[PDB]
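All values below come from the heavy atoms of this structure, side chains included, with hydrogens, waters and symmetry mates left out. Residue numbers run from 1 in the order of the sequence given.
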Amino acid sequence: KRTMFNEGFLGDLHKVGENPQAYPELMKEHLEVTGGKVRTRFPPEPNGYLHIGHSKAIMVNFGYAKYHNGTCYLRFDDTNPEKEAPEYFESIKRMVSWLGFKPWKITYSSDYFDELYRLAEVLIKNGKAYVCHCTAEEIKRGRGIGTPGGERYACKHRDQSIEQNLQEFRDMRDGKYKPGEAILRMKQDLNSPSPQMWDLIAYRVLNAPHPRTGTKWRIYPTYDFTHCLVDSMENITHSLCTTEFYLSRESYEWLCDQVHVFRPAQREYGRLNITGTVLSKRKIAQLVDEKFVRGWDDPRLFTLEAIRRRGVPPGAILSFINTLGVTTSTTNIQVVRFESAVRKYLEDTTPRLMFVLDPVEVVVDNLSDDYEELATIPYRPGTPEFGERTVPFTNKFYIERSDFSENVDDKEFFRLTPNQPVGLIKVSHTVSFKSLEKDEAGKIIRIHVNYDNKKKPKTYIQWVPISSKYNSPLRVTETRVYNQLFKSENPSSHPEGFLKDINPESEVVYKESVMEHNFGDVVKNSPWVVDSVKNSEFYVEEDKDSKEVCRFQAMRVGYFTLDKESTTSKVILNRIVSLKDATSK
Ligand SMILES: [Br-]
Ligand SMILES: [Cl-]
Ligand SMILES: [Zn+2]
């Protein structure tokens with residue numbers, strides 16, 4: 001019964017209405033508005049695509065609310081003016097939804113600019129802010145900073161009367177200062193040992209339009225100003241951020257107290273750090289721009305869009321996050337570890353098909369054209385709810401080129417050779433080599449065998465029959481096999497730069513693979529959900545029309561799903577992950 005929500009960091013969280021206040025009477029309205037129910041928020045900046053790390057923030061905030069029958073905001077933190085970029089907003093919405101969560105309301109930090117400005121005047125009127133005209137360097141010097149440790153002291157602006165500050169702030173608003181010539185600073189404590197109390201900048205002059213508020217504003221608040229005040233206005237009961245910002249909790253609470261508003265409870269958890277890839281917008285941008293990957297959703301990347309297109313089930317991500325647990329400590333996870341978790345999840349949940357990447361035609365010389373041995377095969381052993389299907393064994397079929405070898409002295413090779421018969425999955429007898437045919441280039445184009453129907457074979461291989469009756473094979477136009485994008489676990493530390501740690505074989509494309517005809521029924525009945533998952537607390541209902549929900553295990557090959565670009569006419573598969581953890585090879 002124990003999950004991340006009732007133990008560790010989330011388990012130790014306060015109850016609604018039991019977090020400390022500077023002013024006692026403010027809790028009353030808080031409880032009235034919240035109704036004593038949990039209110040969290042997911043407040044991403046809509047200036048980029050979300051990556052795997054954000055899955056933890058999503059699950060933590062939406063999950064905690066859900067667990068307590070409360071609500072979670074989806075708040076676009078658009079505090080800073082930016083160029084229009086709708087794609088980021090919609091992607092964020094899709095990813096939240098993809099992971100199975102629902103915002104009770106969607107808001108923007110910019111929705112509160114009017115109230116934020118008012119509170120800024122309140123802060124000034126309470127003698128807790130001043131208008132400063134110091135340059136960036138003069139501000140650094142006042143903070144004892146090009147190395148730190150120096151003496152700290154106030155500028156002359158800090159002593160300004162309330163009247164002067166208020167007038168100058170209104171002049172900032174009305175465009176009487178150029179950008180940088182004036183800022184509103186919080187009047188905190190320059191003698192404090194904490195940098196977050198060194199008179200933080202609250203408002204800047206930017207003279208730039210805003211997508212939501214147009215040309216209305218010449219001045220904008222900073223994150224230091226907006227985050228706690230918006231949390232307060234939205235009556236957040238649990239403001240959950242990463243420990244990366246633990247130091248700012250002091251100034252977070254200070255600001256609320258200075259303008260006499262409800263003081264929300266900011267509590268910090270350790271973020272998820274994925275190593276073995278690159279997550280910065282600038283570096284991924286380089287990969288995309290220079291064509292190292294196909295785009296921002298390329299399956300080799302660890303953006304959430306990429307992970308979705310790759311075929312990683314959303315429930316696997318949720319389960320993974322829960323297993324790691326949530327505490328004040330960061331979770332530092334290798335790509336290999338994440339991929340192992342996905343692999344195990346897929347092994348528990350996927351239907352199993354016979355699929356041949358690089359097919360070689362096999363002809364059975366001693367079987368008639370009307371011979372048909374119907375092999376009925378469960379979609380997944382030990383999973384009755386997945387049912388079964390049938391595959392016709394005829395006198396013509398395809399096997400993997402890698403499942404035949406002419407080298408009869410290779411004691412490690414357990415498949416088909418001229419001196420060694422091979423078994424076929426769910427087929428009664430083995431097949432034995434008779435002859436082969438090559439083209440001028442020496443490539444094998446056909447193998448003749450006998451069906452040994454009148455000593456056990458070393459292994460049983462997959463096969464795809466040629467059978468017009470059952471429209472077999474299903475022909476796959478393109479199969480994209482993905483390996484590690486980088487050769488090392490720390491690409492950014494590569495001498496010649498991270499781009500030089502790229503793995504040349506990160507994407508291997510196979511053309512004209514062949515698949516058993518029952519793939520059609522697999523597609524039709526996707527997603528395939530085992531009972532254990534259906535009844536778990538991490539079940540995510542997926543869109544049955546999404547391509548990526550068509551996940552399956554290709555026996556002896558790996559785990560695959562349909563790519564975004566796939567169609568019935570031109571089937572395109574992505575390999576989600578290989579069958580097994582790495583070997584020395
Ligand atoms: Br955060
Ligand atoms: Cl490649
Ligand atoms: Zn100053």
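- Residues meeting the salt bridge (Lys or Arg N to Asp or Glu O under 4.0 Å) test with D257, sequence neighbours left out: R263.
- Closest of all the heavy-atom pairs between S492 and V278 is OG-CG1, 3.9 Å.
- Checked against a 6.0 Å centroid threshold, the rings of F320 and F338 count as neighbours.
- Between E137 and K140, at least one side-chain nitrogen of the basic residue sits less than 4.0 Å from a carboxylate oxygen of the acidic one, meeting the salt-bridge criterion.
- In terms of modelled atom types and a separation under 3.5 Å, the side chain of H54 and the main chain of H51 share a donor-acceptor contact.
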Considering only distance and modelled atom types, tabulate donor-acceptor pairs under 3.5 Å from the side chains of residues 85-98, sequence neighbours left out.
| unit_1 | atom_1 | unit_2 | atom_2 | d |
| --- | --- | --- | --- | --- |
| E90 | OE2 | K93 | NZ | 3.3 |
| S91 | OG | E305 | OE2 | 2.8 |
| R94 | NE | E305 | OE2 | 3.4 |
| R94 | NH2 | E305 | OE2 | 2.9 |

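- Between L562 and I572, the closest side-chain pair of non-hydrogen atoms is not below 4.5 Å.
- Of all heavy-atom pairs between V342 and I576, the closest is CG1-CG2, 4.3 Å.
- Residues passing the side chain to side chain contact (heavy atoms under 4.5 Å, CB included) test with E541, sequence neighbours excluded: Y539.
- Using a 4.0 Å cut-off between charged nitrogen and carboxylate oxygen, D563 and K547 do not count as a salt-bridge pair.
- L99 is not listed as a side-chain neighbour of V540, based on a closest heavy-atom distance of 4.5 Å or more.
- By the side-chain hydrogen bond (donor to acceptor under 3.5 Å, both in side chains) test, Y223 is found to be paired with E45, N80, residues two or more places apart in sequence or in another chain being considered.
- For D114, the side-chain hydrogen bond (donor to acceptor under 3.5 Å, both in side chains) partners are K216, not counting sequence neighbours.
- Under the 4.0 Å criterion applied to side-chain N and carboxylate O atoms, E548 and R308 are assigned as salt-bridge partners.
- Contact of the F245 side chain with the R271 side chain is not registered, since no non-hydrogen atoms from C-beta on lie closer than 4.5 Å.
- The aromatic rings of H260 and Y23 are tilted relative to each other, their planes meeting at an angle between 30° and 60°.
- Contact detail for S194 and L247: the closest heavy-atom pair is OG-CG, 3.9 Å.
- Taking the side chain to side chain contact (heavy atoms under 4.5 Å, CB included) definition, one finds that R185 meets it with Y130, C132, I139, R143, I183, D199, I201, sequence neighbours left out.
- Ion pairing between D501 and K487 fails under the 4.0 Å rule for side-chain N and carboxylate O.
- To the nearest 0.5 Å, atoms OG1 (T243) and OH (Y269) are separated by 9.5 Å.
- Under the side-chain hydrogen bond (donor to acceptor under 3.5 Å, both in side chains) criterion, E253 pairs with no residue, sequence neighbours left out.
- Salt bridge annotation for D289-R282: absent, with no cationic side-chain nitrogen under 4.0 angstrom from a carboxylate oxygen.
- Between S526 and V549 there is a side-chain heavy-atom pair separated by less than 4.5 Å.
- Here the OG1-CE distance, from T222 to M186, works out to 5.0 Å after rounding to the nearest 0.5 Å.
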For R204 and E181, what are the C-alpha separation, side-chain angles and deciding distance, and is it a salt bridge (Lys or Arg N to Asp or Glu O under 4.0 Å)? CA-CA 9 Å; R204 302 179 176 280; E181 288 186 350; over 6 Å; no
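- Under the 4.5 Å side-chain criterion, counting only non-hydrogen atoms from C-beta, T275 is not in contact with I333.
- Side-chain contact between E163 and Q167 is absent, with no heavy atoms from C-beta onward closer than 4.5 Å.
- Applying the side chain to side chain contact (heavy atoms under 4.5 Å, CB included) test to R141 and every residue at least two apart in sequence or in another chain returns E138, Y153.
- Side-chain contact check for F76 versus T107: every heavy-atom pair is 4.5 Å or farther apart.
- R170 is linked by a side chain to side chain contact (heavy atoms under 4.5 Å, CB included) to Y117, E121, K125, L166, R173, counting only residues two or more places apart in sequence or in another chain.
- Annotation for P209 and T215: closest pair CB-CG2, 4.3 Å, computed over non-hydrogen atoms.
- A salt bridge does not link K176 to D174: none of the charged side-chain nitrogens sits closer than 4.0 Å to a carboxylate oxygen.
- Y220 is linked by a ring pair (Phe, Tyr, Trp, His ring centres under 6.0 Å) to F113, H210, counting only residues two or more places apart in sequence or in another chain.
- Shown here for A182 and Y177, the closest heavy-atom pair between the two residues is CB-CG, 3.6 Å.
- Using a 4.0 Å cut-off between a side-chain N of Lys or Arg and a carboxylate O of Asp or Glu, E234 and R41 do not qualify as a salt bridge.
- The heavy-atom pair separating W198 from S192 by the smallest distance is NE1-O, 2.7 Å.
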Just distance, no hydrogens or angles: give the donor-acceptor pairs under 3.5 Å from side chains in residues 26-33, sequence neighbours left out.
| unit_1 | atom_1 | unit_2 | atom_2 | d |
| --- | --- | --- | --- | --- |
| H30 | ND1 | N235 | OD1 | 2.9 |

Before you tell me yes or no, could you show the steps for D298 and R310 under salt bridge (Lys or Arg N to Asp or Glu O under 4.0 Å), namely the whole-Å CA-CA distance, both residues' side-chain angles and the distance that decides it to 0.1 Å? CA-CA 8 Å; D298 187 284; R310 174 178 183 181; over 6 Å; no
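- In this structure, the side chain of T561 engages the main chain of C550 through a donor-acceptor pair within 3.5 Å.
- Judged purely by atom type and a 3.5 angstrom limit, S232 uses its side chain to pair as donor or acceptor with the backbone of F262.
- Residues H238 and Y64 meet the side-chain proximity criterion, which asks for heavy atoms closer than 4.5 Å.
- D543 is linked by a side-chain hydrogen bond (donor to acceptor under 3.5 Å, both in side chains) to nothing, counting only residues two or more places apart in sequence or in another chain.
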